[PDB]
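Take a look at the structure below.
Nothing fancy with the numbering, it's 1 onward along the sequence.
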Amino acid sequence: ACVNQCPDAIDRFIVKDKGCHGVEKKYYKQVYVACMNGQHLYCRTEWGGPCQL
């Protein structure tokens, strides 16, 4: 379910909240993985409640 991944092991996840999705019209968070090897790679989108916009 993660798009990019770490060569050997992941260090942590960084969660960035973006508010209202323009297409899906739901709250969403962009999820990244911080690797031990390199740094930040986009992992996935996490969906929240329905949305106003």
Q: Give the C-alpha distance, both sets of side-chain angles, the deciding distance and a yes or no for side-chain contact (heavy atoms from CB on, under 4.5 Å) between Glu46 and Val15.
A: CA-CA 9 Å; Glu46 173 66 17; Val15 174; over 6 Å; no

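- Linking ILVMFWY residues whenever their side-chain heavy atoms come closer than 4.5 Å, directly or via other members, places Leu41 and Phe13 in the same cluster.
- Atom NZ of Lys29 has 12 or fewer neighbouring heavy atoms from other residues, nucleotides or ligands inside a 6.0 Å radius.
- Judged purely by atom type and a 3.5 angstrom limit, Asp17 uses its side chain to pair as donor or acceptor with the backbone of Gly19.
- Across all non-hydrogen atoms, the minimal contact from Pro50 to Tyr27 is O-CE1, 3.7 Å.
- Open room surrounds NZ on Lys25; 12 or fewer heavy atoms of other groups in view lie less than 6.0 Å from it.
- Between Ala9 and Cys6 the shortest heavy-atom distance is O-CB, 3.4 Å.
- Taken to the nearest 0.5 Å, the CE atom of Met36 stands 9.0 Å off from the CD1 atom of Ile10.
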Q: Given side-chain contact (heavy atoms from CB on, under 4.5 Å), test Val33 with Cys2 step by step and report yes or no.
A: CA-CA 9 Å; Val33 310; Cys2 205; 3.6 Å; yes

Q. Should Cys35 and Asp11 be marked as a side-chain contact (heavy atoms from CB on, under 4.5 Å) after you check the CA-CA gap, both sets of side-chain angles, and the distance that decides it?
A. CA-CA 5 Å; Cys35 296; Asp11 190 19; 6.0 Å; no

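- Between the SG atom of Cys51 and the CD atom of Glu24 there is a distance of 11.0 Å, given to the nearest 0.5 Å.
- Summarising the geometry of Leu53 relative to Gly22, their closest heavy-atom pair is CD1-CA, 4.3 Å, with the distance given to 0.1 Å.
- The heavy-atom pair separating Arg44 from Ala1 by the smallest distance is CB-O, 3.8 Å.
- Residues passing the ring pair (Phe, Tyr, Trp, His ring centres under 6.0 Å) test with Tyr32, sequence neighbours excluded: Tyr42.
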(Q) Assess the residue pair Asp8 and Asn37 against the criterion (side-chain contact (heavy atoms from CB on, under 4.5 Å)); give the C-alpha distance rounded to whole Å, side-chain angles, the decisive distance to 0.1 Å, and a yes or no. (A) CA-CA 8 Å; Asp8 47 3; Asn37 263 80; 2.9 Å; yes

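- Partners of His21 according to the ring pair (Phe, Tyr, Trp, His ring centres under 6.0 Å) rule, which considers only residues two or more places apart in sequence or in another chain, are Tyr28, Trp47.
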